[PDB]
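Peer 1: structure.txt is the file, holding compact mmCIF, C-alpha atoms:
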```
# COMPACT_ATOMS: atom_id res chain seq x y z
CA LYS A 65 -184.26 -108.98 30.78
CA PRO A 66 -182.17 -111.48 28.77
CA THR A 67 -182.66 -111.40 24.98
CA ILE A 68 -183.14 -114.39 22.68
CA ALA A 69 -182.53 -113.80 18.94
CA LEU A 70 -184.36 -115.68 16.21
CA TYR A 71 -182.05 -115.63 13.20
CA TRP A 72 -184.22 -115.71 10.05
CA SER A 73 -182.52 -116.70 6.77
CA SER A 74 -183.65 -114.88 3.59
CA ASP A 75 -184.23 -118.22 1.79
CA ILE A 76 -187.18 -119.03 4.08
CA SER A 77 -190.68 -118.32 2.79
CA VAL A 78 -191.46 -115.06 4.63
CA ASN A 79 -195.03 -116.11 5.44
CA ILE A 80 -193.82 -118.83 7.75
CA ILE A 81 -192.54 -116.18 10.15
CA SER A 82 -196.06 -115.59 11.48
CA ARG A 83 -196.17 -119.04 13.14
CA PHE A 84 -192.84 -118.51 14.79
CA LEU A 85 -193.94 -115.12 16.11
CA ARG A 86 -197.30 -116.56 17.21
CA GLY A 87 -195.57 -119.43 19.01
CA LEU A 88 -193.03 -117.10 20.64
CA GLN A 89 -195.61 -114.44 21.71
CA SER A 90 -197.69 -117.27 23.20
CA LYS A 91 -194.86 -118.95 25.10
CA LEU A 92 -193.60 -115.65 26.58
CA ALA A 93 -197.10 -114.57 27.65
CA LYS A 94 -197.39 -117.83 29.60
CA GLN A 95 -194.07 -117.11 31.33
CA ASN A 96 -194.79 -113.47 32.15
CA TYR A 97 -192.36 -112.15 29.52
CA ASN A 98 -189.18 -113.13 31.34
CA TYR A 99 -187.29 -112.85 28.00
CA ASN A 100 -187.15 -110.31 25.23
CA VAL A 101 -187.18 -111.89 21.78
CA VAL A 102 -185.75 -110.19 18.72
CA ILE A 103 -185.99 -111.38 15.09
CA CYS A 104 -182.78 -110.92 13.03
CA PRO A 105 -183.30 -111.35 9.27
CA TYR A 106 -180.02 -112.23 7.58
CA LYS A 107 -179.02 -113.13 4.06
CA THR A 108 -178.66 -116.83 3.15
CA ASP A 109 -175.12 -118.06 4.02
CA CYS A 110 -174.31 -114.97 6.07
CA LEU A 111 -175.02 -116.20 9.60
CA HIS A 112 -171.29 -116.29 10.29
CA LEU A 113 -171.08 -112.45 9.85
CA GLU A 114 -173.73 -111.74 12.48
CA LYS A 115 -172.39 -109.84 15.48
CA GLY A 116 -175.15 -111.05 17.85
CA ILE A 117 -173.44 -114.50 17.84
CA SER A 118 -169.87 -113.13 18.27
CA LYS A 119 -167.63 -113.13 21.33
CA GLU A 120 -168.16 -109.39 21.65
CA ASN A 121 -171.78 -108.42 20.91
CA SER A 122 -173.70 -111.61 21.73
CA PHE A 123 -177.35 -112.05 22.58
CA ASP A 124 -178.12 -114.25 25.61
CA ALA A 125 -179.22 -117.08 23.28
CA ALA A 126 -180.11 -117.66 19.64
CA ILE A 127 -182.43 -119.90 17.65
CA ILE A 128 -181.54 -120.41 13.98
CA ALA A 129 -184.70 -120.96 11.94
CA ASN A 130 -183.06 -122.53 8.85
CA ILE A 131 -179.28 -122.85 9.04
CA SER A 132 -177.50 -123.40 5.67
CA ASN A 133 -174.80 -126.04 5.17
CA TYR A 134 -172.26 -123.25 4.78
CA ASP A 135 -173.37 -121.56 8.03
CA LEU A 136 -173.55 -124.88 9.85
CA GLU A 137 -169.93 -125.70 8.98
CA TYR A 138 -168.97 -122.36 10.59
CA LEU A 139 -171.01 -123.18 13.71
CA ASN A 140 -169.59 -126.72 13.82
CA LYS A 141 -166.02 -125.41 14.13
CA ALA A 142 -166.77 -122.29 16.22
CA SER A 143 -166.62 -122.11 19.99
CA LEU A 144 -169.39 -119.63 20.75
CA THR A 145 -170.34 -117.78 23.93
CA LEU A 146 -174.15 -118.27 23.93
CA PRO A 147 -176.57 -121.21 23.73
CA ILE A 148 -177.76 -121.84 20.15
CA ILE A 149 -180.79 -123.92 19.19
CA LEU A 150 -181.00 -125.27 15.65
CA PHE A 151 -184.52 -125.54 14.27
CA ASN A 152 -185.13 -128.82 12.41
CA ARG A 153 -181.49 -129.93 12.14
CA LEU A 154 -180.12 -132.79 14.06
CA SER A 155 -176.72 -132.06 15.59
CA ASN A 156 -174.39 -133.94 17.89
CA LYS A 157 -173.00 -130.56 19.03
CA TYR A 158 -175.91 -128.13 19.32
CA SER A 159 -179.32 -128.63 20.92
CA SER A 160 -182.22 -128.73 18.48
CA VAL A 161 -186.00 -128.77 18.12
CA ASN A 162 -186.94 -130.90 15.08
CA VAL A 163 -189.85 -132.69 13.49
CA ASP A 164 -189.74 -136.27 12.16
CA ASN A 165 -189.55 -135.28 8.51
CA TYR A 166 -189.39 -138.73 6.97
CA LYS A 167 -192.45 -139.83 8.98
CA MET A 168 -194.42 -136.80 7.75
CA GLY A 169 -193.93 -137.87 4.11
CA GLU A 170 -194.74 -141.40 5.19
CA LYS A 171 -198.10 -140.34 6.71
CA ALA A 172 -199.06 -138.58 3.44
CA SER A 173 -198.23 -141.76 1.50
CA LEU A 174 -200.07 -144.07 3.91
CA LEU A 175 -203.22 -141.94 3.60
CA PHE A 176 -203.13 -142.62 -0.17
CA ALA A 177 -202.19 -146.32 0.44
CA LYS A 178 -205.12 -146.66 2.83
CA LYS A 179 -207.42 -145.35 0.06
CA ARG A 180 -205.83 -147.83 -2.42
CA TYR A 181 -204.65 -145.26 -4.93
CA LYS A 182 -202.46 -146.90 -7.52
CA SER A 183 -200.29 -143.94 -8.51
CA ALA A 184 -199.48 -140.39 -7.38
CA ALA A 185 -197.89 -137.19 -8.58
CA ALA A 186 -195.81 -134.75 -6.48
CA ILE A 187 -195.34 -131.02 -6.86
CA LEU A 188 -192.17 -130.04 -5.06
CA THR A 189 -190.54 -126.79 -4.29
CA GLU A 190 -186.71 -127.13 -4.06
CA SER A 191 -185.37 -128.44 -0.74
CA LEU A 192 -183.85 -125.67 1.35
CA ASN A 193 -182.28 -128.31 3.64
CA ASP A 194 -182.01 -132.02 4.45
CA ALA A 195 -185.27 -132.00 6.43
CA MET A 196 -187.17 -131.05 3.27
CA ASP A 197 -185.45 -133.79 1.28
CA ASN A 198 -186.40 -136.28 3.99
CA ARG A 199 -190.08 -135.34 3.80
CA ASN A 200 -189.98 -136.10 0.08
CA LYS A 201 -188.05 -139.33 0.60
CA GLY A 202 -190.58 -140.37 3.24
CA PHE A 203 -193.41 -139.92 0.72
CA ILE A 204 -191.63 -141.46 -2.31
CA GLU A 205 -190.13 -144.49 -0.50
CA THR A 206 -193.40 -145.18 1.30
CA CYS A 207 -195.25 -145.06 -2.00
CA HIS A 208 -192.82 -147.63 -3.48
CA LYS A 209 -193.32 -149.89 -0.41
CA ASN A 210 -197.10 -149.74 -0.73
CA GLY A 211 -197.59 -150.26 -4.47
CA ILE A 212 -198.19 -146.62 -5.39
CA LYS A 213 -196.36 -145.78 -8.64
CA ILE A 214 -194.64 -142.39 -8.84
CA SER A 215 -193.34 -141.91 -12.36
CA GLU A 216 -190.33 -139.55 -12.42
CA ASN A 217 -192.06 -137.26 -14.85
CA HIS A 218 -194.92 -136.88 -12.36
CA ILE A 219 -192.64 -135.04 -10.02
CA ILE A 220 -192.99 -131.38 -11.01
CA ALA A 221 -190.74 -128.60 -9.71
CA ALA A 222 -192.53 -125.47 -8.44
CA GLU A 223 -191.84 -122.14 -6.78
CA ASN A 224 -192.97 -122.03 -3.18
CA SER A 225 -195.92 -119.64 -3.53
CA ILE A 226 -199.58 -119.73 -4.45
CA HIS A 227 -198.64 -118.46 -7.95
CA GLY A 228 -196.03 -121.26 -8.09
CA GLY A 229 -198.81 -123.79 -7.33
CA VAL A 230 -200.93 -122.22 -10.07
CA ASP A 231 -198.03 -122.56 -12.58
CA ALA A 232 -197.39 -126.18 -11.51
CA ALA A 233 -201.06 -127.23 -11.81
CA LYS A 234 -201.20 -125.82 -15.36
CA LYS A 235 -198.29 -128.16 -16.27
CA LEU A 236 -199.85 -131.04 -14.32
CA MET A 237 -202.94 -130.48 -16.46
CA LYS A 238 -200.88 -130.90 -19.66
CA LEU A 239 -199.85 -134.44 -18.71
CA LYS A 240 -201.41 -137.13 -20.92
CA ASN A 241 -202.17 -139.19 -17.81
CA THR A 242 -202.48 -137.31 -14.49
CA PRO A 243 -202.60 -139.52 -11.33
CA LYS A 244 -205.49 -139.33 -8.90
CA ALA A 245 -203.33 -138.62 -5.82
CA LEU A 246 -201.22 -135.51 -5.42
CA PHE A 247 -198.60 -134.68 -2.80
CA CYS A 248 -197.60 -131.00 -2.45
CA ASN A 249 -194.59 -130.29 -0.26
CA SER A 250 -196.02 -126.90 0.73
CA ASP A 251 -199.52 -125.68 1.54
CA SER A 252 -198.99 -122.54 -0.60
CA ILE A 253 -198.40 -124.82 -3.56
CA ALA A 254 -201.59 -126.75 -2.71
CA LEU A 255 -203.67 -123.56 -2.51
CA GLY A 256 -202.49 -122.53 -5.99
CA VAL A 257 -203.22 -126.03 -7.34
CA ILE A 258 -206.80 -125.97 -6.03
CA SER A 259 -207.23 -122.49 -7.64
CA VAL A 260 -206.63 -124.12 -11.04
CA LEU A 261 -208.53 -127.37 -10.35
CA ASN A 262 -211.57 -125.31 -9.27
CA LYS A 263 -211.47 -123.14 -12.45
CA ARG A 264 -211.19 -126.27 -14.59
CA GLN A 265 -213.95 -128.04 -12.58
CA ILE A 266 -211.80 -131.01 -11.59
CA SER A 267 -213.37 -132.64 -8.54
CA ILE A 268 -211.54 -132.78 -5.22
CA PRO A 269 -211.16 -135.46 -3.84
CA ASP A 270 -213.10 -137.38 -6.53
CA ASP A 271 -210.88 -136.74 -9.57
CA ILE A 272 -207.76 -135.69 -7.57
CA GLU A 273 -207.01 -136.03 -3.85
CA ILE A 274 -204.38 -133.72 -2.31
CA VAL A 275 -202.21 -133.96 0.79
CA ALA A 276 -199.87 -131.07 1.49
CA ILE A 277 -197.11 -130.33 4.00
CA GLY A 278 -198.40 -127.57 6.29
CA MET A 279 -195.88 -124.75 6.57
CA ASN A 280 -198.01 -121.60 6.75
CA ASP A 281 -200.93 -120.79 9.07
CA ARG A 282 -203.23 -123.89 9.41
CA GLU A 283 -206.37 -121.78 8.86
CA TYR A 284 -205.71 -121.22 5.13
CA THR A 285 -206.05 -124.94 4.44
CA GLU A 286 -208.76 -125.44 7.12
CA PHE A 287 -211.14 -123.12 5.29
CA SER A 288 -209.99 -123.23 1.67
CA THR A 289 -212.49 -124.39 -0.99
CA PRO A 290 -212.24 -127.32 -0.49
CA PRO A 291 -210.34 -127.85 2.81
CA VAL A 292 -206.95 -129.45 2.21
CA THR A 293 -205.64 -132.33 4.27
CA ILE A 294 -202.22 -131.59 5.68
CA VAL A 295 -199.30 -133.09 7.53
CA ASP A 296 -198.39 -130.09 9.67
CA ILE A 297 -195.06 -128.83 10.84
CA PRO A 298 -196.09 -127.75 14.42
CA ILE A 299 -194.11 -124.54 14.27
CA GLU A 300 -195.93 -122.70 17.07
CA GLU A 301 -195.27 -125.45 19.65
CA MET A 302 -191.71 -125.96 18.38
CA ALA A 303 -190.90 -122.26 18.72
CA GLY A 304 -192.25 -122.29 22.31
CA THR A 305 -190.09 -125.34 23.07
CA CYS A 306 -187.00 -123.47 21.79
CA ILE A 307 -187.52 -120.91 24.60
CA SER A 308 -187.86 -123.76 27.17
CA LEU A 309 -184.56 -125.22 26.02
CA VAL A 310 -182.89 -121.79 26.08
CA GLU A 311 -183.98 -121.19 29.70
CA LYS A 312 -182.79 -124.65 30.80
CA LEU A 313 -179.46 -124.15 29.00
CA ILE A 314 -178.84 -120.69 30.55
CA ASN A 315 -179.78 -122.03 34.00
CA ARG A 316 -177.44 -125.04 33.33
CA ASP A 317 -180.09 -127.68 34.05
CA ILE A 318 -179.43 -129.25 30.65
CA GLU A 319 -176.50 -129.70 28.33
CA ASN A 320 -175.83 -129.79 24.58
CA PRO A 321 -177.03 -131.64 22.53
CA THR A 322 -180.57 -131.93 23.82
CA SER A 323 -182.77 -132.94 20.88
CA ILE A 324 -186.56 -132.65 20.99
CA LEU A 325 -188.33 -134.49 18.23
CA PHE A 326 -191.92 -133.47 17.40
CA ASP A 327 -194.53 -135.51 15.64
CA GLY A 328 -195.91 -133.59 12.59
CA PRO A 329 -199.65 -134.40 12.82
CA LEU A 330 -201.80 -135.54 9.94
CA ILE A 331 -204.77 -133.19 10.04
CA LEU A 332 -207.69 -134.60 8.06
CA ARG A 333 -209.79 -132.01 6.29
CA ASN A 334 -213.25 -132.82 4.83
```
Kindly return the structure encoded in the file as structure tokens.

Peer 2:
Amino acid sequence: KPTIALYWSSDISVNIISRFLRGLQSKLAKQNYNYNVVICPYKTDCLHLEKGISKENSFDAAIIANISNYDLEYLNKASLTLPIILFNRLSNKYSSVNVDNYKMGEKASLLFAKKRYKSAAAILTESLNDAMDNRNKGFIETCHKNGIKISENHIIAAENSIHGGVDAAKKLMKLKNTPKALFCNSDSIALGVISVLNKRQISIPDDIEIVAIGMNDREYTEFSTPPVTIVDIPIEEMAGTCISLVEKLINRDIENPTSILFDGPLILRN
């Protein structure tokens, strides 16, 4: 059987890997396991050292979950011997499966605009790539267009974890004036935030309404107390589509770059 490698950068939140695995298991089961899949953890910026993408030891295909700028420059100049799919990176050289990042931020903003909120805060974990920046830009720019103020000091850096969300909410709570809308650019951050808001008896959505970008398993925010509205990155379906592209590339039906663009759905909770 041919083998497809999922290269998994160490900078990625490890919990996200479950959706990729779920999506891959599910896609292969529907295709009677005509491919082996292998997951290859590698250290940030070290993709170029991986032998499974070399002339000599190559897998049949690879999907790169979160390619760094450094690694991408290496791929951009390399002439490699196997089809490579970039996940959420547009390329005019390599095929890719992406989500419309700017529009995801935009949907979060328009939900607030539609409810006539007059300002918002944002708790943001650092962007690991351009896609993440674009989600933020989509939110921020859309807020400006729709009369929602986002004061620069109401953007609060956080670590991408539930504990990071807890730390961020404690700072949010120190603000003299905290807005009534809150964007979190990860669901883990949002779960930590709600931990603190619940302890302090701040009402959701009445005192604060949250929208988060869905990165981890949808069920955590479906059944949290309270449920959290998300704009979801459809990782399971995207991962399945990566295999489709791989198969069509190996069979030479399609050519590079083929670029599939997913819609990241707004999933209303409440």

Peer 1: My list of candidates is A:188, A:70, A:268, A:309. Which is closest to residue 249 of chain A when distances are computed with only C-alpha atoms?

Peer 2: A:188

Peer 1: May I ask which of the residues A:276, A:223, A:127, A:294 is the closest one to residue 158 of chain A, counting all atoms listed in the file?

Peer 2: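 For residue 158 of chain A, the nearest of the candidates is A:127.
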
Peer 1: At a cut-off of 12 Å, using all atoms listed in the file, what residues contact residue 263 of chain A? Leave out same-chain residues fewer than 6 positions from it and give the result as a list in words.

Peer 2: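 Residues meeting the cut-off are residues 230, 233, 234, 237, 256, 257 and 289 of chain A.
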
Peer 1: May I ask which of the residues A:266, A:303, A:192, A:219 is the closest one to residue 73 of chain A, counting only C-alpha atoms?

Peer 2: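 Closest residue, counting only C-alpha atoms: A:192.
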
Peer 1: One decimal, in Å: what's the spacing between atom CA of residue 220 of chain A and atom CA of residue 235 of chain A?

Peer 2: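 These atoms are spaced 8.1 Å apart.
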
Peer 1: Show me, as a Markdown table, the residues of segment 121-146 of chain A having an atom within 10 Å of segment 310-317 of chain A, each with the closest atom pair and its distance in Å, using only C-alpha atoms.

Peer 2:
```
| residue | atom | partner | partner_atom | distance |
| --- | --- | --- | --- | --- |
| A:124 | CA | A:314 | CA | 8.1 |
| A:125 | CA | A:310 | CA | 6.6 |
| A:126 | CA | A:310 | CA | 8.1 |
| A:127 | CA | A:310 | CA | 8.7 |
| A:146 | CA | A:314 | CA | 8.5 |
```

Peer 1: Just checking: using all atoms listed in the file, which residue out of A:211, A:196, A:129, A:270 ends up closest to residue 83 of chain A?

Peer 2: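 Ranked by minimum distance to residue 83 of chain A, first place goes to A:129.
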
Peer 1: Taking into account all atoms listed in the file, which residue in the set A:327, A:296, A:75, A:319 is nearest to residue 107 of chain A?

Peer 2: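 Ranked by minimum distance to residue 107 of chain A, first place goes to A:75.
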
Peer 1: Between A:79, A:197, A:86, A:306, which residue has the minimum interatomic distance to residue 128 of chain A, considering only C-alpha atoms?

Peer 2: A:306

Peer 1: Would you list the contacts of residue 226 of chain A as a list in words, taking every protein, DNA or RNA residue within 12 Å and counting only C-alpha atoms, but skipping same-chain residues closer than 3 positions in sequence?

Peer 2: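 Close residues of residue 226 of chain A: residues 77, 79, 189, 222, 223, 229, 230, 231, 232, 233, 248, 250, 251, 252, 253, 254, 255, 256, 257, 258, 259, 260, 280 and 284 of chain A.
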
Peer 1: For a test of reading the model, state the distance in Å between atom CA of residue 97 of chain A and atom CA of residue 121 of chain A, rounded to one decimal.

Peer 2: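 Here the two named atoms are 22.6 Å from each other.
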
Peer 1: Interatomic distance between atom CA of residue 281 of chain A and atom CA of residue 80 of chain A?

Peer 2: 7.5 Å

Peer 1: Give as a ChimeraX atom specification each residue that has an atom at most 10 Å from (-175.4, -115.2, 20.7) in the file, counting all atoms listed in the file.

Peer 2: /A:67-69,114-127,144-148

Peer 1: How would the residues just picked look written out with C-alpha atoms as a JSON list (two decimals), in the coordinates of the input?

Peer 2:
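Final output, result_13.json:
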```
[["chain", "number", "residue", "atom", "x", "y", "z"],
["A", 67, "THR", "CA", -182.66, -111.40, 24.98],
["A", 68, "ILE", "CA", -183.14, -114.39, 22.68],
["A", 69, "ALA", "CA", -182.53, -113.80, 18.94],
["A", 114, "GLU", "CA", -173.73, -111.74, 12.48],
["A", 115, "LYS", "CA", -172.39, -109.84, 15.48],
["A", 116, "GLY", "CA", -175.15, -111.05, 17.85],
["A", 117, "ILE", "CA", -173.44, -114.50, 17.84],
["A", 118, "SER", "CA", -169.87, -113.13, 18.27],
["A", 119, "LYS", "CA", -167.63, -113.13, 21.33],
["A", 120, "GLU", "CA", -168.16, -109.39, 21.65],
["A", 121, "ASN", "CA", -171.78, -108.42, 20.91],
["A", 122, "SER", "CA", -173.70, -111.61, 21.73],
["A", 123, "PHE", "CA", -177.35, -112.05, 22.58],
["A", 124, "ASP", "CA", -178.12, -114.25, 25.61],
["A", 125, "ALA", "CA", -179.22, -117.08, 23.28],
["A", 126, "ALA", "CA", -180.11, -117.66, 19.64],
["A", 127, "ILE", "CA", -182.43, -119.90, 17.65],
["A", 144, "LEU", "CA", -169.39, -119.63, 20.75],
["A", 145, "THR", "CA", -170.34, -117.78, 23.93],
["A", 146, "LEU", "CA", -174.15, -118.27, 23.93],
["A", 147, "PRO", "CA", -176.57, -121.21, 23.73],
["A", 148, "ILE", "CA", -177.76, -121.84, 20.15]]
```

Peer 1: When you look at residue 105 of chain A with a cut-off of 8 Å (counting all atoms listed in the file), what residues show up, excluding the ones that are within fewer than 5 positions of it in the same chain? I need them as an MDAnalysis selection string.

Peer 2: chainID A and resid 71:74
